[PDB]
Amino acid sequence: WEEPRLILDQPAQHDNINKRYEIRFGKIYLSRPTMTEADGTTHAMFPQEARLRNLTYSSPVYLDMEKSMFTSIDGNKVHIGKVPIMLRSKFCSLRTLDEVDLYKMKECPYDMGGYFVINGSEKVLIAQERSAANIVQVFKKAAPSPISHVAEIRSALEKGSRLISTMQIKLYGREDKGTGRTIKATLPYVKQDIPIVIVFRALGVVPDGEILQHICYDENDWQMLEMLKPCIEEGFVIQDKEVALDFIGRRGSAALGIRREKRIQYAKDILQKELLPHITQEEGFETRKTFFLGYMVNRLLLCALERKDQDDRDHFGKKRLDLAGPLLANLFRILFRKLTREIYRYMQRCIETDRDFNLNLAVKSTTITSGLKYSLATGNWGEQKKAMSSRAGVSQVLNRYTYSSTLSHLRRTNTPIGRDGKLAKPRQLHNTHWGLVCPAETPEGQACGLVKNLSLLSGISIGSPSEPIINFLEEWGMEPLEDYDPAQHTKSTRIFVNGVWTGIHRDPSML
Amino acid sequence: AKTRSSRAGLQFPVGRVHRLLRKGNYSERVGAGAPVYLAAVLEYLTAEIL
Amino acid sequence: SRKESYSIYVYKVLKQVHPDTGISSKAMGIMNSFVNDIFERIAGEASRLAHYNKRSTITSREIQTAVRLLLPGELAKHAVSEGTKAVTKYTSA
Amino acid sequence: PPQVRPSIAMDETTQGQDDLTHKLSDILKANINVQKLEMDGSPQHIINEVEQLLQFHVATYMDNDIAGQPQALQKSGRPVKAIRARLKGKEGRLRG
Amino acid sequence: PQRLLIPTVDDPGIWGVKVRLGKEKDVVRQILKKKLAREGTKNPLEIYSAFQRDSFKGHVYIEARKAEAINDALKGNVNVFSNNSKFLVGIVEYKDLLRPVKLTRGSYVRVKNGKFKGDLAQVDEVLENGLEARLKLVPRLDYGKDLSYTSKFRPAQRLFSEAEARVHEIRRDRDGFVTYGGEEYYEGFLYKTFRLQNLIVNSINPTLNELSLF
Amino acid sequence: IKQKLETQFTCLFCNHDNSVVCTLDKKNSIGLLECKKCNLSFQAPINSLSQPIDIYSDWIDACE
Amino acid sequence: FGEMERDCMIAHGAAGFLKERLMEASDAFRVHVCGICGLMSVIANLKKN
Amino acid sequence: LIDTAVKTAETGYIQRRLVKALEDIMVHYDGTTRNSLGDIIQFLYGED
Amino acid sequence: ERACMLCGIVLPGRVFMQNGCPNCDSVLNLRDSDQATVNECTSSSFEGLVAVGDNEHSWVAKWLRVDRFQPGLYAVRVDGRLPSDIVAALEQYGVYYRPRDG
RNA sequence: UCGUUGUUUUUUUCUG
Ligand SMILES: [Zn+2]
Ligand SMILES: [Zn+2]
Ligand SMILES: [Zn+2]
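Protein chains in written order, with the authors' numbering: chain R, 51 to 64, 69 to 128, 153 to 589; chain D, 14 to 63; chain W, 29 to 121; chain B, 244 to 339; chain X, 213 to 313, 319 to 365, 383 to 403, 406 to 450; chain H, 15 to 78; chain Y, 1130 to 1178; chain E, 825 to 872; chain F, 9 to 110.
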């Protein structure tokens, strides 16, 4: 449903008629795994036969199509592919069938499943770990660089939970070098770093009093005000939304010829989208983006003032793990986009001749099926033609040398930090690892440390909807940012949900 | 200041006055300061009239 | 073709004295004629004064004395002051 | 000679073409192609692109790790094995 | 007398903008149809004539006077490389782009299609229309040993022999002519109807076997 | 300081690519665009943050 | 017979052992050269001497 | 453990560089110490 | 798509059998002739696919003597030679048939 | 009737 429509147009002239071809996606239907023998016979699958015959324990996927047409002058179940089904999962045959029949089915009651089967091999997915998204982190740079403190953040949608884009602020210059401490923010789809006040004005707050209201919340802390003053001075060349936006889009990484008319619109788009998308992507909410930018810059300078230790990257509380779910999600998304593009291209090349497409020769189930099979079989995580620059070794053969090894192999983790440049921070055991990952277990050699095994009582969050949290908070005096004032609200308590500020509360203890 | 007018803080081009002075058959050589003085005097007279 | 004039320079001088004052084309031509005739007069005076002292080159002092000779007391004095100030500024900077 | 670029045997009968064989054959095709532009319409822009293409295959067949430029690949997508790549590295001839 | 139509500065210029490989005729069709559909509107396509030549693959040429017209023509096409990698064409070069640019019976030609591909042959007769060209091939007959083909299992070649054909495995219409399975065998050489696309009359270097026999 | 720049900006009158030179002249906030084929001149004040692209956009707006 | 082994063998100075261990117990070969150009383009036919 | 794992590789690299630096020094019959070119490093190996 | 030998217009045979040559139906009668006539007059082989939207000032089409003919997909070169009957009829009809292969 | 030949390419988990 992420791409819930394909739309074509045809203002046919020879007699101007506007014909719009549409494809509407519908429900998905899933079946228990089955064989289609070359003899044409079919029957329910059971894993043992697969292990014996070098098969793939997979279930076909059926998607509901819909062909609707719009003409003006002025769909059924389709087999799209077979997804491998993890043993003992809800969709595996063996989740049922008692204990006795397992023996008939040639299955050890001890085996806990949790792995896929391909071409007779038993492949398992090793959980990868990545830095949490939608969080600010401040990092000090090295001595030989005008960059001193950087407060980066990566934005990813709550829905899907897929990486969207990032944005960085670079505390340029040194102490008593380059006049003041110039600050410039890097924006998506731009060809140069930009002064902060410029983007502030472009975002809606043209006057500097509002800017200093949002970024600062301790007036007596004169030092931060005066050391951010240099940025204020250099942004006086811009005084209204329009010139700021045009200045922004002028380096909008587009071609030459958009000129000012569409340049400000391009800037308005790139500020409505692609920037802090995890907050929102539509118009009428740049107040929230302003508030977030102010908070983030405030924190960045606080770390620049040494009033708080620079953020720890190894803090495990900021780490996130991705089990089979999210990973298969990403791979399926890529393959689904490929399939949709194929269907669209076939639509184009088959309606020019004006033939009612069968919807069947158009859909090549080999796309998703082949892609998933290859990705699990080889581990080169991605499209086959892009083997290079593709995360390798995500899926591994299930090592069945001894039952304990099998157990351990399943609760494995990993860090894709590469081995180019030795370093030590990622490898060393960290205090936050207490009771989440084993302290004693780890490989030897170059991988020492980068491979971690879940503690005996570990549990991974699968994600829950946040809406009820919002509903509850509002009941309990959650104050939206719109009613926020520095001098008044210098004692209230900010609230973040899933890494995004949502409002204010002045008595959070009872909350 | 690149252009000699900017070096002089005036508006009449010293370069054009100097160019015409070379093609004037008035003297063998032309100094670098006489055009500036002439430009300033002409500017003052023009401002007085205007 | 490339018949140079003093249109834009007179326009700039006018903008700095009376910024909101226009002009016609014939007034511009009259200004061009006045400026050209004054340029010719001062250059000729410099040439004659160089010839009288048998000096083959022109400095700023020749233009200064030519302006003194041409224009009367107060106007010549004011032109001398402006020329001296402009020349000194062009010299120091 | 073939010794320097022997024909691999993927599975018994079927023998694959060593990367050098593909690269040499491609350079041969390109060289023939340049020889065929002059005899017909060669509007100084087909000539330029085609000769640059020939230069490109020649350079790759001589070295395939030029900085700042994309890298020639096989239909498999794997980057080609230029002679320089052969010689350098631990696996290279000197150290291998 | 086409020479009277020599080009000059008067004729609108031409720009060659790179387009997606293999989809050049598709781009030509898009240009033509959008030009038809926008005609009479307030934003028409200001072009005169566009072409693509087989030799100039990946190159799209349109006759116009301003690069904006070319950009409009290519704008909105996914069958084109988005880059405006355009260039001009010289006055003498204009005719080159529109310049389009030996089959005789009795001369030896080769086959490149079917199960007899790679065998030199002599043309017997070119159809009156000019779509199928008869050839004089060498039969490749197993004499019914494996009748119960492909271009990878063809055994050695031999001239058709009436005696051997009668011994091992049929109709006679003339002296020396035998019709076998719809194929014509004259003096031991295979005659058959062949498509002109399956054969090439130029770029042939005779082989050692041909020298030994032919 | 005088800065020569044979940048690839497209001209509008001569319609020749890379015929546009965006010289940079920061002394008195003065911006010139020098063309090579039709040799037209565009003037525009340039602030501290001005860039050849800024002059190009100003010129484009001026042309229409 | 890795590099470090080569260096160890040098250390003891066992030249001839190192020579044979890298020719005879491994890829030995014979060739012919032209004493004028010093290349390896000689066309040798042994049975035709 | 990490310390040993890192240290071994760097020490090996240093060893390789050193060996490939001094692999041709040979004590000649005259008592001098010369590299391949015959350049003299020490007039008497270890001065004894 | 098959290219008319006279005007050079190339269209799929469906249009030829239904609506005839857009520019030579009056002299060739492609629509109301046996498929042999359509095939011979509209040869499959072609080169130089030219898209035309203007024909009045069409210098390119002016070379192809198709200024008076409606703009369309014009094949600069057409292989094969017309049967004797079609060429004789074209000559008799006052229409000068010049092969475009050269 | 001596003779008599058996892949590469990557990636992976391991051993000292
Ligand atoms: Zn120009
Ligand atoms: Zn020699
Ligand atoms: Zn026709």
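All C-beta atoms in this analysis are idealised placements derived from N, C-alpha and C, irrespective of residue type, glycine included.
Interface annotation for the segment 37-69 of chain F against chain X: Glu48, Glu55, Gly56, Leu57, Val58, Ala59, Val60, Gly61, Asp62, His65, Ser66, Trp67, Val68, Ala69, criterion Cβ-Cβ distance under 7 Å. In terms of beta-carbon proximity, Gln343(R) stays away from the interface with chain X, with every pair separated by 8 Å or more. Of the residues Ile247(R), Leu399(R), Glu288(R), the one whose Cα lies closest to the Cα of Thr368(R) is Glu288(R).
Bounds of the beta strand (DSSP E) holding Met253(B) are 251-254.
Distance check between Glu560(R) and each of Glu553(R), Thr571(R), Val195(R), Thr580(R) places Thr580(R) closest, using alpha-carbon atoms only. Taken in chain order, the whole alpha helix (DSSP H) runs of length 4 or more contained in the segment 240-322 of chain R are 274-281, 286-293, 300-312. Separation of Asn53(H) and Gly45(H) (C-alpha to C-alpha, rounded to the nearest whole angstrom) is 15 Å. At least one heavy atom of ligand 1 sits closer than 7 Å to the Cβ of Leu54(H). DSSP places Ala229(R) in the uninterrupted beta strand (DSSP E) bounded by 227-234. In this structure, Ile158(R) keeps its C-beta atom at 8 Å or more from the C-beta atom of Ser486(R).
If you draw a straight line from the Cα of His65(F) to the Cα of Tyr101(F), it comes to about 27 Å. Look at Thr96(R) here: in three-state DSSP terms it is strand. Taking a contact to require three or more Cβ pairs closer than 8 Å, the segment 343-362 of chain R and the segment 295-313 of chain R do not qualify as touching. Assigned with DSSP and collapsed to three states, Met89(R) falls in strand.
Ranked by Cα distance from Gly555(R), the options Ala525(R), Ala98(R), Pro586(R), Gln462(R) are led by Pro586(R). Of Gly191(R), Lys182(R), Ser113(R), the smallest CA-CA separation from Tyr481(R) is found for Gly191(R).
Remark: C-beta atoms of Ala338(X) and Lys353(X) approach each other more closely than 8 Å. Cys1166(Y) and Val86(F) have their C-alpha atoms some 59 Å from each other. Contact annotation for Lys41(H) against chain D: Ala14, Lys15, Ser19 [CB-CB distance below 8 Å, chain order].
Secondary structure of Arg337(R) (DSSP, three-state): helix.
The beta-carbon of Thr21(H) is placed no less than 8 Å from the nearest beta-carbon of chain R. Around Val843(E), the beta-carbon contacts reaching into chain Y at under 7 Å are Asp1136. Remark: C-beta atoms of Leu257(X) and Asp238(X) do not approach each other more closely than 8 Å.
Residue pairing by DSSP places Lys160(R) opposite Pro114(R) in a beta bridge. Between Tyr424(R) and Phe410(R), the gap from beta carbon to beta carbon reaches 8 Å or more. At a cut-off of 8 Å between C-beta atoms, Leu244(X) does not count as an interface residue with respect to chain R. In the DSSP assignment, no residue is bridged to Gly403(R). In the same chain as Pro564(R), and ignoring 5 residues on each side of it, the C-beta atoms closer than 6 Å to its own belong to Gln291, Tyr295, in chain order.
Residues of the segment 248-263 of chain X with a C-beta less than 8 Å from any C-beta of chain F: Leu248, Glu251, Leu257, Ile259, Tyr260, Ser261, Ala262, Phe263, listed in chain order. In this structure, DSSP gives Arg39(F) a state outside helix and strand, which the three-state scheme calls coil. Contact between the segment 32-39 of chain F and the segment 56-76 of chain F is not established, with fewer than three Cβ pairs separated by less than 8 Å. For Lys218(R), the secondary structure class from DSSP, reduced to helix, strand or coil, is strand. The criterion of a C-beta distance shorter than 8 Å is not satisfied by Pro79(F) and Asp93(F).
Residues of chain D with a Cβ closer than 8 Å to the Cβ of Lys16(H) are, in chain order, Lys15. In this structure, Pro322(B) keeps its C-beta atom at 8 Å or more from the C-beta atom of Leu330(B).
Between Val229(X) and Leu300(X), the C-beta spacing is not below 8 Å.
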